[PDB]
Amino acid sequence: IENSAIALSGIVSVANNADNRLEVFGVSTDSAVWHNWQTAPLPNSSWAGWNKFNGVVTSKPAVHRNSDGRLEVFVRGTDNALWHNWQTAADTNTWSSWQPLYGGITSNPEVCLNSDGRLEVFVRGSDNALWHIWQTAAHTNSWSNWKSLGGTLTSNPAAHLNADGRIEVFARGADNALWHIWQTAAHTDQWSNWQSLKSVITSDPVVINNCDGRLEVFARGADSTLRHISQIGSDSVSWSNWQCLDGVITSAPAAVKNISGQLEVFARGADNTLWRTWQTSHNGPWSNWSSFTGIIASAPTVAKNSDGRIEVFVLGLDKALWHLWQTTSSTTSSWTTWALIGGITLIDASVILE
């Protein structure tokens, strides 16, 4: 691989409804967003069936739950502007249809929820800088004007809350290194300057929090292995060295915190199957990669059910959505084999960044 490569992304975006039922959003061959949901919040639940949102889209959809429980989806439209669509009430399958937020978008959208309940969206703009727009009141369809945070982005952005409520945003820069920028006060339009975390990454960054608060960032490196870095202090400026794990991965990674508080990472492996690694103890060393049977055609998307059980979604070779899950709420649980969520086929609508 080359330094500027961006690894294959997940094929759906997934959210938990207010009652924790999973709901997935993807793009079909008609270039429209379709969605499907569990009928009850357990991995062995039936799914409702694929339902279409009218409208042609030009990016992967991003979804987040509002602080009042309503899901809200963001996508790039045929006019290269940002559009969004929301449930009109929590846990209800009635939606607003696509409404305009304007702007000029050159990446997939990334959404975060501030700790004061306001959604905030991050995108690469037409000048390749990071731009953002936010709800001006919690869970309300009232939005700010577009504002630039500068920089030069060569990946999609990834945003996450610090333990103290400050949003921090990660993105690859013009030198193919990982850069970041952060709120200097929680849920406030006061931001740091851009700072480099130095390495060279060949996927979008993936960010998760560990239980002692500190952010941990995962990405594929220049040698196509997983690498990761962590905050070691109480601020956004103190980071560990980068560490890599042996084993060639062929997609973006996906990270999840299991119900024992340890981190797990899933990625497509060198043999195009799903690979999994987990921390063997608190902060501990990482297990050897363990592989699941079955060739997959996307990065994994990983979610947790209402009983803590991990569930993984992938694109199959038939271009349909498949999933598997843990049989018990236990870190050593066995796993099911791939099952089909049939009814449509999916395409990768990710914005091509170069």
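Under this definition, the rigid core comprises the largest set of C-alpha atoms superposing within 1.5 Å between the forms. Don't overthink the numbering: it's just position in the shown sequence, from 1.
Using the rigid core as the fitting frame, the root mean square C-alpha deviation in 5 other deposited structures of this protein is greater for 233 to 241 than for the other of 184 to 192 and 233 to 241. Between the stretches 59 to 67 and 324 to 332, it is 324 to 332 that shows the larger average CA temperature factor.
Across the two stretches, 112 to 120 and 268 to 276, the PDB entry reports the greater mean Cα temperature factor for 268 to 276. Note on the listed residues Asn210, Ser240, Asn85, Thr202: the highest Cα temperature factor in the record is that of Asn210. Residue-level inspection of the entry shows that, of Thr136, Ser148, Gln183, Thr250, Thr250 has the top Cα B-factor.
Among the modelled residues of the chain, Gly316 sits in the highest third by CA temperature factor in this PDB entry. In the PDB entry, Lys257 places in the middle third of its chain by CA B-factor. Among all modelled residues in its chain, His282 ranks in the highest third by Cα B-factor.
In this PDB entry, the Cα temperature factor of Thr225 sits in the bottom third of its chain's modelled residues, the lowest group.
In this PDB entry, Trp34 carries a Cα temperature factor that places it within the lowest third of its chain's modelled residues.
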